[PDB]
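Undergrad: pasting the first bit of my complex, frame unchanged:
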Amino acid sequence: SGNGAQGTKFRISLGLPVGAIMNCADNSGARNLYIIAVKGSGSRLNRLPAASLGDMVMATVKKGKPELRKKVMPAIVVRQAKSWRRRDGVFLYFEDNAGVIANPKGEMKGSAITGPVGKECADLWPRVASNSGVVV
Amino acid sequence: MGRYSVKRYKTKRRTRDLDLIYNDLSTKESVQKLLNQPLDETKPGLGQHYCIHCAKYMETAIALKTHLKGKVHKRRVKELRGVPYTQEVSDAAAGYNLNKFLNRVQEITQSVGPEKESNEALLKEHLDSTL
Amino acid sequence: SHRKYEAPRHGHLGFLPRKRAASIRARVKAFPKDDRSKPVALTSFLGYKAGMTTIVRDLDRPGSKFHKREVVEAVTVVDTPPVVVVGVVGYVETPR
Amino acid sequence: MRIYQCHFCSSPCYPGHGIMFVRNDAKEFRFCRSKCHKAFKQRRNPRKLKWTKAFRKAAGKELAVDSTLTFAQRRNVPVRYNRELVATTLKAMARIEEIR
Amino acid sequence: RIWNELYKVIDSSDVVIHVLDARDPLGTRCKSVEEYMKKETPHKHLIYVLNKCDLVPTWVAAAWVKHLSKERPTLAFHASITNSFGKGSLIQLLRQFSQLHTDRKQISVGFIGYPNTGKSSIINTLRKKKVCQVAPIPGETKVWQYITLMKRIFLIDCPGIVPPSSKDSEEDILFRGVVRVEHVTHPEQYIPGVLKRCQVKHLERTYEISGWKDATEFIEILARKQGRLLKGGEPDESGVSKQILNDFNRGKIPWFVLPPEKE
């Protein structure tokens, strides 16, 4: 889960195992991200932790603002590029994996997200539904 | 399904959906903006020397000089010729929003396409003047 | 020596032995118990499984995320023509 | 409950069929099936593939600009749910199907 | 595993030579071992050799000894297998020290210090053959060993040590060559560090380099000039950063720091 995620999140596919390199979506200056652990994971021998859309992970800027590295910050996925199943049945998917940086309560670091954002992620976190312009 | 098609047209290896390309070619200010393109450092040519019909960053002046005179770029030049297959093509070819289809194709056949072709002409002349 | 890392057992031991059934008609082993004041009513019914299809239903599931929203999901279709009675059988309870 | 026309096949795709791809320009391309999904991926031309309504309806095959084919505009002004209106609609829809 | 051999040579040694490097003695001392030495075994006197002196001009080669000899011998000596200036101050100091223990039948003496300071090199210059490996690689020798010379002064060396403080450095840890530059995944995030440490003149004089600013532009300049470009066209930043740091360590770029000057 994570704190600040309003309401319960059903299960969607797991597109971003640990080691994935997604994009940074907001205008915080970070250019891309790296996932080092996904919060709320399970616990199973050999099962790589994996991240879905709307999840909150622990990312590190692999390349970006020269003044942001060496630290690890909570990130929130907003695109996935692995066909997940919407409920009113249609398997949809995106063009690439991308997330936004937020302080652990859920509040945006940057100011505006560029690109479409998952409807499920925007529904779950109410601070993406405020700093997003294109809800899927 | 085998290897070529998948390890080429994978979601990590996309082109730029030539409806976007044609949109970017219709309007003169977009032509000039994507043509000047203040220097960046990741893209291979570092900004300049970039084909606007395709979506590729040719490395150098000579590289683009030859790229324009080829069968790939000519293939895409002819690919970008007519109405670029909006969703409304596929939704009016089934008896739905046929009026929106007609208005759009009317605009293209009468108002937008002339400026598009005129601008690809002017862009060719500019590519020459630089090259 | 003990075990280094722990993982649950692979499989379920309640379902053993994993052997072919005794028949195709799997048998009912327990019946809704009884009540000798309800009107007589059957407790079981046997039919034939025929395929599986899809459905979209509107959800009235208060307090749920999909309240007043549509939901698509699968259904099985079992083909159950009328069943017809041919005998009765009575069972007495013995200390065996 | 909003039957969509495949972006490529122009067929109908009912709830639960096919895949949808959302472009970074936020355009939802729906597909009737994997044939059309993969042809889209390979970037073919639905106006040069011979088996698809885009090619037909504007390649000399079955007609397009017809007085029957002007009743299916996506309505964006939703007025009022009148019962007699629904009744006349239900008659007229089958009438249209037969005439076309 | 390392501090073990360290105390093995401290105990089996009749005297200790704490090899510093000329370019940064105040950073490669970090003693907290002499405090232990003086008190648990006072009869070993911690000679100092300031190795790789030439990378420090004669001026600082005097300044860095003038205010430390007031503690220990402190014989600053750059090592070299044909021209080793600084050996004719210590090859006889240690030997007279050997004579002093005339009721010992021998003497055994041991080298200590940071890794990649020059201990194997000092053995090899005082012996005149590569009996131990010289290697720009920081951790080259991984076990102590005895070495015979003069049949009275036995010599021993140990692998390098780092007083484990969780403070005062990560960047100067990387700047002393103790960890190989093939074991850090972030090699370009310290090029700003080298460009804040060393000034711009010798940066310009070395490669040479294009007229520049901005260590990131510096790295792209290096790479476009060197032909370290990947598949179009963004060049090998990791590789060029690793080269700049190999330069930094092996001493292909001049550097030093200044103490209180000539009074």
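TA: Structure received. Numbering: from 1, shown residues only, chains lettered A, B, ... in the order given.

Undergrad: ranges for the strands of the chain?
TA: Reading this off chain A. For chain A, the strands defined by DSSP state E occupy A:16-17, A:23-24, A:34-38, A:50-51, A:56-60, A:73-79, A:84-86, A:90-93, A:98-103, A:107-108.

Undergrad: Not quite, go with chain E.
TA: In chain E, the segments counted as strands under DSSP E are E:15-21, E:47-51, E:75-76, E:107-112, E:145-147, E:153-157.

Undergrad: if we can go back for a sec, tell me which of the strands of chain A lies nearest to residue E:74.
TA: Ranking the strands of chain A by distance to residue E:74, with Cβ to Cβ as the measure, places strand A:56-60 first at 45.0 Å. No exception for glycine: its C-beta is placed from N, CA and C like everyone else's.

Undergrad: Could you export the strands of chain E as CSV, including mean neighbour count?
TA: Converted to CSV, the strands of chain E look like this (neighbours: other Cβ atoms under 10 Å in any protein chain shown):
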stretch, mean neighbour count
strand E:15-21, 23
strand E:47-51, 24
strand E:75-76, 24
strand E:107-112, 22
strand E:145-147, 14
strand E:153-157, 22
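
Undergrad: Ok, which of these comes nearest chain D?
TA: strand E:15-21 (54.2 Å; Cβ to the nearest Cβ).

Undergrad: Check what contacts the closest one and list those residues.
TA: With Cβ atoms under 8 Å, 6 or more residues apart in numbering or on different chains as the contact definition, strand E:15-21 has outside contacts at E:9-10, E:28-29, E:34, E:37, E:44-52, E:94, E:97, E:107, E:109-114, E:117-119, E:122.

Undergrad: let's put chain F on the structure above:
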Amino acid sequence: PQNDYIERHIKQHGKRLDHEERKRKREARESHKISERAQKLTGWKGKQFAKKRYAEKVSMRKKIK
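TA: Take a look at chain F, now in place beside the chains above:
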């Protein structure tokens, strides 16, 4: 709550209506609960208990002498 708040509470409202007949009976019953814990309490809790009670009886003998 600032200072000695439970004591201010006890003086203002009181204790449970039966905190006295519970304490009394707990005490009177501890005499029984001591032997129960001595005839049960196997295996090193019995050792700790026995050594502790030996300590106690020693201290009480010290005190009365």
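
Undergrad: The contacts of strand E:15-21 again, this time with chain F added?
TA: Counting contacts by Cβ under 8 Å, 6+ apart, the residues outside strand E:15-21 that touch it are E:9-10, E:28-29, E:34, E:37, E:44-52, E:94, E:97, E:107, E:109-114, E:117-119, E:122.

Undergrad: relative to strand E:107-112, how tilted is that strand?
TA: 30 degrees (axes from the mean of the first three to the mean of the last three Cα atoms, to 10 degrees).

Undergrad: Adjacent strands (with direction) for strand E:15-21?
TA: According to DSSP bridges, strand E:15-21 has the following sheet partners: strand E:47-51 (parallel), strand E:107-112 (parallel).

Undergrad: how far off strand E:153-157 does the last one point, in degrees?
TA: Spelled out, that is strand E:107-112. For the pair strand E:107-112 and strand E:153-157, the angle between their directions (the same axes, to 10 degrees) equals 20 degrees.

Undergrad: Could you measure from whatever residue of chain B ends up closest to chain E over to chain A?
TA: When you check chain B against chain E by Cβ to the nearest Cβ, the closest residue turns out to be residue B:44, at 3.8 Å. Using Cβ to the nearest Cβ, to the nearest Å, we find residue B:44 at a distance of 17 Å from chain A.

Undergrad: and that residue, what does it touch?
TA: Applying Cβ under 8 Å, 6+ apart, one finds that residue B:44 lies in contact with B:57, B:58, B:59, E:232, E:233, E:234.

Undergrad: Nearest to residue D:37 among the strands paired with strand E:15-21 would be which one?
TA: For residue D:37, the closest of those is strand E:47-51, at 68.3 Å, according to Cβ to Cβ.

Undergrad: what's the spacing between that closest one and its chain's center?
TA: On the basis of Cα atoms, centre = their mean, to the nearest Å, strand E:47-51 is displaced by 10 Å from the centre of the chain it belongs to.

Undergrad: now for chain G, put it on the one above:
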Amino acid sequence: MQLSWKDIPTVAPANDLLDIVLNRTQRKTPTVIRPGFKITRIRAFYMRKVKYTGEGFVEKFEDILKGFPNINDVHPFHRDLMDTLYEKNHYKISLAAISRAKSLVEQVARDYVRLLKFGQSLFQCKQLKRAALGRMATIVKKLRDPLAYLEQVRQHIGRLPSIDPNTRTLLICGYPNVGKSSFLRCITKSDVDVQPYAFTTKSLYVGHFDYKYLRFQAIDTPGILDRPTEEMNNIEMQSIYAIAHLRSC
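TA: Alright, chain G goes in next:
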């Protein structure tokens, strides 16, 4: 930390600390070793016992050190407050005793393990085990008085209120039996005594109240008698240091 430290675990008295840590090393380590096993296995058995016991004590102590509010160099108001309250001298010297004991038990373990890697028989190593553990035991048995003091200082400072030194304040002071607490109880939501006797309180009582949508704290003090600043109480020097440091009406 600051502002009503209530985050300090609990200081079990010395016999209970001994019980807790020793029983813990008895339960959470293997306890069956036979004379027949390899001498390496025996040495390892007893090494693990000693190191584990050391770690357990050390964490029990490190908790107290990292927990207590660290009287000196916090804020002069609170510094002098716990001065008048819990005897600054005793405070610092008790906590220092605890730090010394922590170092001592770390040393005990780190010597006896270096020893045990030279034991040669189950009996030699069993004797070393009992020896190190008994030395740690007396080291801790010394700590009777510090811990008995710390339990009460903890159960007191936890209750102790939290007045910010700098927000808008309102101090209430004067002689006993005059009406300090009457005013406080009559102005702001609190529970302070009103009974007709002299020292109707014995420590600083607080109460917030709002004004212009802003927060103002009010502080009733016990009060002062004549007391020519030579003889006073921990009752009076609290009001003293309050009226001193806190800057308001």
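
Undergrad: beta partners for the spatially most central residue of chain A?
TA: Among the residues of chain A, residue A:77 comes closest to the average C-alpha position under Cα atoms, centre = their mean, at 1.1 Å. When bridges are taken as DSSP bridges, the partners of residue A:77 come out as residue A:99.

Undergrad: doesn't residue A:52 make contact with it?
TA: Yes: A contact is recorded between residue A:77 and residue A:52 when judged using Cβ atoms under 8 Å, the distance being 6.7 Å.

Undergrad: how about the strands in chain D?
TA: Secondary structure of chain D by DSSP E: the strands cover D:4-5, D:12-13, D:19-22, D:28-30.

Undergrad: could those strands go into CSV alongside distance to chain C and mean neighbour count?
TA: Compiled in CSV, these are given as follows (distance: least, Cβ to the nearest Cβ, whole Å; neighbours: other Cβ atoms under 10 Å in any protein chain shown):
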stretch, distance to chain C, mean neighbour count
strand D:4-5, 14, 22
strand D:12-13, 13, 16
strand D:19-22, 14, 19
strand D:28-30, 15, 19
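
Undergrad: Any idea which of these gets closest to residue C:34?
TA: Distance to residue C:34, taken as Cβ to Cβ, is lowest for strand D:12-13 among the strands of chain D, at 51.1 Å.

Undergrad: Let's verify residue G:206: helix, strand, or coil?
TA: What DSSP: H, G, I helix; E, B strand; the rest coil gives for residue G:206 is strand.
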